[PDB]
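Listed next as structure tokens is one chain, alone, in the form deposited without ligand TCW.
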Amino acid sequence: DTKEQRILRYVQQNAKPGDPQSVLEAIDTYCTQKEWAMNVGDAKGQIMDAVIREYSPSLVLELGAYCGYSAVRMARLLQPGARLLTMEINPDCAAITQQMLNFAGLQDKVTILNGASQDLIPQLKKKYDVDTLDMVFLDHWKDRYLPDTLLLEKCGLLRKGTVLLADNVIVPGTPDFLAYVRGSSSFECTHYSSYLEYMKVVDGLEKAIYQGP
């Protein structure tokens, strides 16, 4: 069985149905006590939460779902009528994430898209009825942060004010991405330091607000 299936069983056995907070605490507990996961963090969590609250986005795109932790985290803070589109390359993780969202009661706010970001991004306008995105959360393969940012721009999916939030930009690391957004007059960047408790290393997230062409 997969790590994601194990985390879901722990959630089903320990968390309270329909309670996103309880689902997040269960996942935090499992990952701290039993099996580490890169996408889970409570302190990376507070940073994500603060950004969602500040910008109250109506349409969020997430790259990388995994067990669905970050989808639960964001979707619980979205307003009635707001939508999260989350893209996941692995069909098993896509299935776990749907089950996690159903358990949390957040199914009505989230659409899971199965496939690779570079295949799905150019389809968002025609197939999924997107005009522009209010926010994008980058948490997929690190080597794809920069090409996918350039693709989102090129496909006309970013508007002036669209918030990009990129996780793990220090470890594993994303130096081409950071150089591009911090150097470009098309972006306004803020860095958020984030400690990785298990490995005992400083990481971070980058917030990059698109300014238009």
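Note that residue numbering begins at 1 and tracks the sequence as displayed.
We do not show the form solved in complex with ligand TCW, though everything after this point is about it.
Note on contacts: among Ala43, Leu59, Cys155, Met38, the single residue with a heavy atom within 4.5 Å of ligand TCW in the entry with it bound is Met38. Residue heavy atoms within 4.5 Å of ligand TCW in the entry with it bound occur in exactly one stretch of 122-130, 75-83, 135-143, 102-110, and that stretch is 135-143. Taking the partner from elsewhere, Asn168 is found to have a heavy atom lying within 4.5 Å of ligand TCW in the entry with it bound.
Contact annotation for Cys189: none of its heavy atoms lies within 4.5 Å of ligand TCW in the entry with it bound.
Contacts between stretch 179-211 and ligand TCW, counted in the entry with it bound as any heavy atom lying within 4.5 Å, involve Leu196, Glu197, listed in sequence order.
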